[PDB]
Every structure is written in structure tokens, then in C-alpha cells.
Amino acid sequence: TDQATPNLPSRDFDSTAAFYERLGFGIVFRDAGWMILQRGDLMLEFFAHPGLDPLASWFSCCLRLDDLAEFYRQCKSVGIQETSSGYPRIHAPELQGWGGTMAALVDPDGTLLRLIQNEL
């Protein structure tokens, strides 16, 4: 099956893996410069980027989810805080101008994951 995957920066592969592992992602590949995490059909690939400046980062991807509320619930239960300040953090689901609901997760490297509910 053809699939397009995001390529996201990681300042430290161990901390990235540990963060996403709490959300159900497992490592399916890892070498000195590349890491792939998977959670069911969700696949994220990370490149080593020790010099990243999170505040100047335009990195982001979308997670289009069949059940956004489950995932969102999961983020809050492992202790990611609902806040506007610092990272990592989450932003609650909000009705968007396009009739759908969307939340946001910001990971330890300041990467924005837009969480979007699939049109059921």
C-alpha cells in the first residue's frame, strides 16, 4: 500500500521514543540517524537534528484519527498538560471552520501534531 509519511526532527531519539511510547507508539526501525515509530496505521519517521531550534520550527504533521477523543484522553491521562505554555503540551478539541473538530499536540521538540477527527 502506498503511503506518505511525515519526517520530523528529534534532538534526542531516546526522549522522543519515550514520549511517544506513552501514547502507544512502538519503535519499528532505528539506526544512528533515523527512527520510525508506529501506532497501528499511524507511522512517524524522525531524523536526528541536535541543532534544532524549537521556537523557530515550522515542523508539523496531521494525525487524522477515527477516534480523536480516545487519543486525546490518552494524552491527558499520561500527564501531558492542557496549556498554552511550554512544550510538550496539548490544546483541546475545537470546532473548526470546515465543520470538524481538531486538537493539537506539541511534542518535546516543539513539533506540532494537528489532531483531526475523521469525518465518520
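Position 1 is the first residue in the sequence shown; the rest follow in order.
Comparing 97-105 with 11-19, the higher mean C-alpha B-factor in the PDB entry belongs to 97-105. Just going by the entry, 49-57 versus 23-31 on mean CA temperature factor gives the higher value to 49-57. Annotation for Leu63, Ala92, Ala69, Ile36: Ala92 ranks highest, by Cα B-factor. Which of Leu113, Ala4, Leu120, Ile116 has the largest Cα B-factor in the deposited entry comes down to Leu120. The PDB entry assigns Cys75 a C-alpha temperature factor belonging to the middle third of its chain's modelled residues.
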